[PDB]
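If you want the building blocks of each chain, they are given just below.
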Amino acid sequence: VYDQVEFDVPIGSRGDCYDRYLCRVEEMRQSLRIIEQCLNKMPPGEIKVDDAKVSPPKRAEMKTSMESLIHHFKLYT
Amino acid sequence: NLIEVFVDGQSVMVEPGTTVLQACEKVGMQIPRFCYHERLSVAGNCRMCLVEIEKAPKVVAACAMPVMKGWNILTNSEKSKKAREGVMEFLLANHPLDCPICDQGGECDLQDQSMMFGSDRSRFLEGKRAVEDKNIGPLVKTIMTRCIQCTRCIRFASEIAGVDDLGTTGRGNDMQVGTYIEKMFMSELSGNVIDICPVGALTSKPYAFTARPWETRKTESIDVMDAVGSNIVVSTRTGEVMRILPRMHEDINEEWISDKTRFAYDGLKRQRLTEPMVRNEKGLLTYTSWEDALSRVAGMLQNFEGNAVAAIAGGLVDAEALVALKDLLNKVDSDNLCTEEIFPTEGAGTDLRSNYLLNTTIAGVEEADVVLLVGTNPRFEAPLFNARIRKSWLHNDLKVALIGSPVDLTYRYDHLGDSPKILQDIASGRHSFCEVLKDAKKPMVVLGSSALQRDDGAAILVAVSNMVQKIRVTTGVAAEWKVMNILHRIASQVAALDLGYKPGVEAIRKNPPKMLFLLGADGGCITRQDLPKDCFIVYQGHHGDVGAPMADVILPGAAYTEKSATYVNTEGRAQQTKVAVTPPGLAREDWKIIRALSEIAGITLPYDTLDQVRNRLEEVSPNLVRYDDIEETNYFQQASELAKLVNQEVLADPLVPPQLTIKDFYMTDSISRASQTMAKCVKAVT
Amino acid sequence: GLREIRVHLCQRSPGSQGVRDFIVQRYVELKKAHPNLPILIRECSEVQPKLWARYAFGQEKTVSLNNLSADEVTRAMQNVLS
Amino acid sequence: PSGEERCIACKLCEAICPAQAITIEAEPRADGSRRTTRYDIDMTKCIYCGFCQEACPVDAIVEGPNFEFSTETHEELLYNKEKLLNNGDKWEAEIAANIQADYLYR
Amino acid sequence: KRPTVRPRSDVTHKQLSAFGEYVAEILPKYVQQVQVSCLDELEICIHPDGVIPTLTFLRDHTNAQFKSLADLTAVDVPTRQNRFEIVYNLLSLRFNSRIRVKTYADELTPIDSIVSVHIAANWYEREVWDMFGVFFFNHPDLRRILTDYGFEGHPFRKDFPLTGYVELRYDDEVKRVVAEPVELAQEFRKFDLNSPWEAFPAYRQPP
Amino acid sequence: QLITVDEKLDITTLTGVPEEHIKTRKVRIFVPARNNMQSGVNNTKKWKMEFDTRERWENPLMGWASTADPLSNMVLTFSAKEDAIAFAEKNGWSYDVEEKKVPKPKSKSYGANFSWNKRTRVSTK
Amino acid sequence: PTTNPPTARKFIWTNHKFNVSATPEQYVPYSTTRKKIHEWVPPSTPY
Amino acid sequence: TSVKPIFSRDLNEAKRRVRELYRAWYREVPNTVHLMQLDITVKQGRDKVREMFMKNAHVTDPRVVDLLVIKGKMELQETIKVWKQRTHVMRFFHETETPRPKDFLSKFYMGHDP
Amino acid sequence: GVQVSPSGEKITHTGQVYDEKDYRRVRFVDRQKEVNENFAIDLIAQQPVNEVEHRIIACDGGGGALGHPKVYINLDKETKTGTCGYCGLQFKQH
Ligand code: SF4
Ligand code: SF4
Ligand code: SF4
Ligand code: SF4
Ligand code: FES
Ligand SMILES: [Zn+2]
């Protein structure tokens, strides 16, 4: 999603360890400029894609249903 | 005669009376399966083999439908995938959540087909069902809230084992599969429904709860419990055997093997031998090392020679040991190498592979037209032969007949009687069977060494050769076809007879020797009383009940899982094992033992390696390195003319194979004597 | 002192023609004359027709029968039986 | 709560342990049930990941909070079934609450 | 649209195909088996006798400007005569793109280096020679970099096993740190996992 | 430029293994037959190289299974017997083959189950 | 616990234990299994 | 047959390079057992050298010979520009290994090797 | 509860014992052999046999979640009980 949020890239003109240090610090800062928006826009929803052939399912279903249990078994062997 | 198809555009040529599924196989695309097994009949219960047929709307079942010229098939299309999704939703509606407990956890066809072709969850917010569990035997642990009702067990039983006791009882979800009573489904072939039931409903009780597949290192080997040559998969775990499985050989065992060979994997853990055990001053048996044992035996052999040295071999011993013993007693100038088994040898004996074998490949029993049995219960000795006979009598309208007591078989037939005089009666042609034979072509006459093991054996064999000459002059056949057939039980026997031994103990009864080498011979045909009192006997084996307690020295060898030895069935086939495990404690391989013994006694052989010994076999007998290749022969007419010279004649008392109660099927060799499972089998039978 | 005789041949091959002929011709005579002796036939495929005999103390001789006929078979058999 | 164990030898922990640490050897139980005879771990190899308590469908094995079990020898760290059972019978007054809180998230 | 599937676009699968035809008609020699993946990537297989021409072209020609050698790599497939597959993953900025060059090779069939062009390879080639066994000409310094300074063999192949042949330990008898043969304590469990039932009926292979 | 050498290739030296682990190791080139329990045929497609087995004992301390040989668990894949043989004879081992066990074709005239004169007639449904 | 006590269950260690590093009640490893392979128990009489 | 060469064309040029390399090792060893305070004798070192040479004498291919030469040269660089140490260099002599018994009876009494 | 062998070694819950002639029992000297006293077999035998009317019954293992997956058992076999593989509990029909 990095295409969504804003974050300005730093660069240096000389090419010395000082410029590199300053780049690292400016990135430290722009990272917070990112986190602010990540927080204020984090939506609700799921975490693992509901394709149980790839990511394991929740344990309640793993225990009640059957196909989800088979997929659990296969994923984990 | 051919017929055409265009799968996915791809074209195919097949025969009529064919199946969509066999066509898709010819192409490569595997089609799902629940109620199909190429070695069975057909049905349409499961309903997972569905496909789409272009130019026709309705789906079909590729396990029954015969392909019509011009059809374009579609396997991975929309309707097909939807059918499979629905069908598996249905199945898994009720299959309980015993996947972990289920010993068939990582091999479950249903697991795999759900993970791949099925769906990702259940839309079943309802209740399930269960069913009572049955006791069916001390081998086949039955859970029956898992049977998807495929009917594989039912068809397999009603066709192969002729049992006719299993079946379905009810209609609707309440259906069950299993006898209506607490009967026991014990049989020489009970023990393949395990491999056939894709689910963990009919599990094996011994293996159960012990391990899982993926952990295993599946090595490959063969069987020795009988002289058939059942290719086998031996499963290991952290350096130990855990289970045995069949291995597909389209000729010999064809994906089926015997209760004995698959449940005698425990006898390799009880009553074993791990250290050189030598007599003491009192006579007890104390442990000691190879240094002592071989120093002793070689210092004694250096003094003994002539014909006072005698080697006996039993079953379950390898051609390598046999050849090494032969060459050693040769360099020592002795010839009393014999086997615990008898084989009437007068006339020709052991000089032509056309004799003492199955001149006819076991396969040819499918193409034969009439079969005759001479005093044998193959149901107990070499059953898979009996299963080929079963399928033959079932399919190609066969006619079978036998000589011997009235035996409990799977089919019905004509019973001649119980006196081999019947054989000469036939050779004259004064018995309806004479006309039956002279009419029908490609007959076959099999004779089990269980009778030759009698006393008047060579005479009955001579009468049989006479009968054979008669039948051959009656009907029109060539040596390209064969008539006579011999069927042993012990494995090492054929390798010995090909290495040129004395198949008997007549030599021993004639020349009481001093030193007695004996290998794997837990048969007790010999003991201390049949010999002088100052003898010296060396038991080289891997199990002690009979031969060891009567021993001066006891050496351990190895079993059929730990020595890369050859072996030969009753049709000249040459099968080698593969070392699946390493033996216990001090025990070593037999040919190594013997090369060391020779090097000590100053008789050094040129054999430092299994491969050098393979070349030695290539010299001695060539067809023992021809792995998986039979060697036909045609000089049986000469052998029969030779035997005709002899005038010995049979006795009058009847004959019997000494295995009638299935009880006798178990407890043959050390392994089936030892296993604490065979005990349960027997006590359940009785 | 002779102890045992064995023949190795290759069914359905030229080099074995004379040996097969001898066997279908007179082997019967040897085996009826002296039947207290090991005479072992063995026919593989793709081998050199040969004859391995073995004396008392284990030593043994190997001779060839390739591209030969019944007369040479007989005479070699005699020379080795001697 | 009835004293009985939870492991039934489903071997998922063995087949998923990235380090191949675990070693299992199962058997029947004289009462007919299914159970273990050998469930050994090498805490020198265990990377402390979580996969075993993710796979165990019965929540039997649970990597716990105790991080003070440093020792003086490399044989107090090849834990076995009995040491694990003791650790369970010891810490079960805490794991119950921890899981009762955490399970919903998973 | 569906939530659990990326979009299989057209722009890339078309542009990179055009560029593949371009390079193919420019270098009808030193080229074979161009291809574009179903996931927006370009692969170009070439004879080892054209490596430097291809790389110089792709670095210099304006329309490519494949400047930065983001990676060099090897792969081993033993079911063929030329068993090693050498790989270069390259990056260009102006055109914001990546590309993959492949060339087959074999033990006992060395390769031409590129150090004259991409100096990054000066070390990837050392890695390759140390691990696999593939050799490179015109390379100033070529020595074991990763493994020991006495190690012998070629581990990243598929035959040199995981555990290796030798272990180490100190032996006060001599006070050194000696190398002895492998006698493990636990055995490397090898889990049979490959399940039969075919899942991908599109990547099948008939008899 | 090129060479005329008709000698068989051997790189046992560059490989880096000792005499023991190169000579006494009997290699087996086979095809892994199906797990009868299953009915799957995407395993009987390759050609696999394995080694003979070796000592596999039990540790005294706890009971694990150790090994003196590293190769025991070295299973290799191939798509052709000729290529597998080339690799084997190239590395210098002693190869032994297990040829292909292929099923037969069969005629399943289902209707036969419901026949009149034959013996195939089943007593079940 | 005074406001959130645990589940009152048996089979729980009542008397907790400090660390057991080198004490004489420390821990050691072993096998929890029987003997895989039995053997032969020769007789006790000369022939 | 029709193949591509490497650094050479025939066993003879391969062998001239090999001889150069022998000269290098022979003229080097002393510097090693004098820099790294070893114990063995120069003669024993040269024995190991000539043995590691003789144990590749069943060779025919110039490509094989040349690859072995390249690896030897790498190792010689490593040694003279001292990176390998006492351990790295004495790892050859199997100084903590019972000579593998080739006596068939020895193998028998001791283990399972054929 | 634990028992003991001739040599004083605490038998495990699975019959592991070091006979008098085994050298692998030095590690215990000056040390102890860790064992659990609570034997699962007795602790499940003590438990009461559950009773129900609905012939079929669903078992989970205690908590709705946190226990063994839902397994459904039959109880029509009045000869004896019906056990649950995971938890070991046993039900009976009314
Ligand atoms: S057969 Fe076994 S593994 Fe397969 S679905 Fe049923 S319980 Fe699970
Ligand atoms: S018990 Fe097994 S083989 Fe028999 S019908 Fe049920 S699923 Fe099929
Ligand atoms: S937490 Fe440790 S024991 Fe459990 S799976 Fe991860 S590495 Fe293995
Ligand atoms: S995952 Fe849990 S139940 Fe399964 S074997 Fe491991 S500890 Fe036992
Ligand atoms: S395989 Fe066709 S319905 Fe079962
Ligand atoms: Zn329960």
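Criteria and thresholds
Residues numbered from 1 in each chain as written, not as in the entry; some residues may be left out. Chains lettered and ligands numbered in written order. Part of a larger assembly, values for the part shown. Heavy atoms only, no water. Helix = DSSP H or I, 4+ residues; strand = E, 2+ residues; numbered from the N terminus. Buried < 20%, exposed > 50% of the residue type's maximum accessible area, 1.4 Å probe, protein only. Patch = residues over 30% accessible without salt bridge, like charges linked within 9 Å, V, L, I, M, F, W, Y side chains within 5 Å. Areas by Shrake-Rupley, 256 points an atom, 1.4 Å probe, with all protein chains shown as cover. Salt bridge = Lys/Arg side-chain N within 4 Å of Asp/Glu carboxyl O. Donors = N, O, S within 2.8 Å, 3.2 Å for Na, K, Ca; no water. Tetrahedral: all angles 85-135°; square planar, octahedral: opposite > 155°, others 65-115°. Contact = heavy atoms within 4.5 Å. Buried area = accessible area lost by both parts, 1.4 Å probe. Polar contact = N/O pair within 3.5 Å; in protein donor to acceptor, adjacent residues only side chain to side chain. Near = heavy atom within 4 Å. Nonpolar A, V, L, I, M, F, W, Y, C, P; charged D, E, K, R; others polar. Pairing = 2+ DSSP bridges. Axes fitted to C-alpha atoms, helices over the stretch in contact; angles between N-to-C directions. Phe/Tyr/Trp six-rings, centres within 6.5 Å; stacked < 30°, edge-to-face > 60°. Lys, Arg positive; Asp, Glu negative; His and termini not counted. Charge placed at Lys NZ, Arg CZ, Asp CG, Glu CD.

- Method information in the entry identifies cryo-EM as the source of the structure, with 3.82 Å recorded as the resolution.

## Some points on the environment of F:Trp93
Residues and elements named next belong to chain F.
Thought 1: Note that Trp93 resides in the loop between helix 3 (81-91) and strand 4 (94-97).
Thought 2: Overall, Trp93 belongs to the buried group, its relative accessible area being 12%.
Thought 3: Once the C-alpha coordinates of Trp93 and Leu71 are considered, the two residues, 22 residues apart in sequence, prove to be 13 Å apart.

## Side note on a nonpolar patch on the surface
Thought 1: Taken together, the side chains of A:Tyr2, A:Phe7, A:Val9 and A:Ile11 make up a nonpolar region of the molecular surface, amounting to roughly 490 Å² of accessible area.
Thought 2: Along the chain, A:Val9 turns up in the segment before helix 1 (17-41).

## Here we look at the coordination of the zinc ion (ligand 6)
Residue and element names in this part refer to chain I.
Thought 1: On the protein side, the zinc ion (ligand 6) has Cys59 (SG), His68 (NE2), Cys84 (SG) and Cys87 (SG) as donor atoms, found 2.0 to 2.3 Å from it.
Thought 2: For the zinc ion (ligand 6), the four donor atoms in the first shell make angles of 99 to 115° at the metal, so the coordination geometry reads as tetrahedral.
Thought 3: Each donor residue of the zinc ion (ligand 6) belongs to the same chain, with the gaps between them written as C-x8-H-x15-C-x2-C. Residue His68 is found in the loop between strand 2 (57-59) and strand 3 (71-73), and its partner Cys87 is found in the loop between strand 4 (82-83) and strand 5 (90-93); the two are separated by 19 residues along the sequence.
Thought 4: For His68, a relative accessible area of 5% translates into the label buried.

## Focus: the interface of chain B and chain F
When the parts of a complex come together, some accessible area is lost, and that lost area is often used as the size of the interface.
Thought 1: On the chain F side, the residues contacting the 54 residues of chain B number 37 residues.
Thought 2: Taking both partners together, chain B and chain F bury about 4,200 Å²; carbon and sulfur atoms supply 43% of that area.
Thought 3: Put simply, chain B and chain F have five salt bridges between them.
Thought 4: F:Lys26 is the partner of B:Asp611 in a salt bridge, and the nearest nitrogen-oxygen pair spans 3.7 Å.
Thought 5: Where chain B meets chain F, there are 16 residue pairs in polar contact.

## Regarding the site of ligand 2
Thought 1: Taken together, the neighbourhood of ligand 2 is formed by B:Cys147, B:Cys150, B:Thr151, B:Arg152, B:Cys153 and B:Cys197.
Thought 2: Grouping the constituent residues of the shell around ligand 2 by class yields four nonpolar, one polar and one charged.

## What to know about the interface of chain G and chain B
Thought 1: Contact with chain G, which involves eleven residues of that partner, is made by 22 residues of chain B.
Thought 2: Summed over both partners, the interface of chain G with chain B comes to about 1,400 Å²; 61% of that surface belongs to carbon and sulfur atoms.
Thought 3: Contact with chain B buries area across many residues of chain G, yet G:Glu39, G:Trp40 and G:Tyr47 alone supply 52% of it, more than any other trio.
Thought 4: For the pair chain G and chain B, the number of links is one salt bridge.
Thought 5: Between G:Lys36 and B:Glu240 there is a salt bridge, with its nearest N and O atoms 3.3 Å apart.
Thought 6: Joining chain G to chain B, the criterion identifies five residue pairs in polar contact.
Thought 7: Here the side of chain G that touches chain B is built from residues that sort into six nonpolar, three polar and two charged.

## Observations regarding the pattern of salt bridges
Residues and elements named next belong to chain B.
Thought 1: By the definition in use, this model includes 88 salt bridges over all chains.
Thought 2: With a closest N to O distance of 3.8 Å, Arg573 and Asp251 form a salt bridge. One end of the pair, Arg573, is in the loop between strand 23 (566-568) and strand 24 (574-576); the other, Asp251, is in the loop between strand 10 (241-246) and helix 6 (259-263), and 322 residues separate them in sequence.
Thought 3: The exposure class of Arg573 is buried, given its relative accessible area of 6%.

## So, the sheet that holds strand 3 (residues 68-76) of chain E
All names here are of chain E.
Thought 1: Pairing is mixed across the open sheet formed by five strands, whose spatial order is 1-2-5-4-3. Looking at strand neighbours, the two that pair on one side only are strand 1 (32-36) and strand 3, the edges of this open sheet. Neighbour-to-neighbour, the strand axes of this sheet turn through a mean angle of 15°, independent of strand direction.
Thought 2: Where strand 2 (residues 42-45) lies against strand 5 (residues 97-105), three bridges are found, and the strand directions are parallel. What sits directly across from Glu43, in strand 5, is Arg100.
Thought 3: Sitting on the sheet, helix 3 (residues 121-131) is in contact with strand 3 and strand 4 (84-92), with an inclination near 10° to strand 3.

## A closer look at the sheet that holds strand 21 (residues 536-541) of chain B
All names here are of chain B.
Thought 1: Pairing is mixed in the open sheet, where seven strands are placed in the order 12-11-22-21-20-13-14. Every other strand in the sheet has two partners, leaving strand 12 (285-287) and strand 14 (337-339) as the edge strands with one partner each. On average, adjacent strands in this sheet sit at an angle of 20° to one another, irrespective of strand direction.
Thought 2: Where strand 21 lies against strand 22 (residues 553-556), four bridges are found, and the strand directions are parallel. Note that in strand 22 the partner of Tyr539 across the bridge is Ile554.
Thought 3: Contacts from helix 7 (residues 290-301) reach strand 11 (277-279), strand 13 (309-313), strand 20 (515-519), strand 21 and strand 22 within the one sheet, and its direction differs from that of strand 22 by about 125°.
Thought 4: Sitting on the sheet, helix 8 (residues 319-331) is in contact with strand 13, strand 14 and strand 20, with an inclination near 170° to strand 13.

## As for the packing of aromatic side chains
Thought 1: Considering all chains together, one arrives at 32 aromatic pairs over all chains under this definition.
Thought 2: Residues E:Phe84 and E:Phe132 carry aromatic rings whose centres are separated by 6.1 Å and whose planes lie at 70° to one another, so their mutual orientation is edge-to-face. Taken together, the residues E:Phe84 in strand 4 and E:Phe132 in the loop between helix 3 and strand 6 (166-170) connect sequence positions 48 residues apart.
Thought 3: Taking 5.8 Å as the distance between ring centres and 55° as the angle between the ring planes, the aromatic pair formed by E:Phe135 and H:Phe7 counts as tilted. Placement of the pair is E:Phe135 in the loop between helix 3 and strand 6 and H:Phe7 in the loop between strand 1 (2-3) and helix 1 (11-35), with the two residues belonging to separate chains.

## Overview of a positive patch on the surface
Thought 1: A cluster of basic side chains, namely H:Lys15, H:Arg16, H:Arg19, H:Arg23 and H:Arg27, defines a positive patch on the protein surface.
Thought 2: Judged by relative accessible area, H:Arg16 falls into the partly exposed class, the value being 48%.

## Describing the arrangement of the chains
Thought 1: In this assembly, 21 pairs of chains are in contact, and the pair with the greatest number of contacts comprises chains B and F.
Thought 2: At the level of C-alpha atoms, the two units chain A and chain F stay apart, their nearest approach being 15 Å.
Thought 3: Kept free of each other, chain E and chain I leave a smallest C-alpha distance of 17 Å between them.

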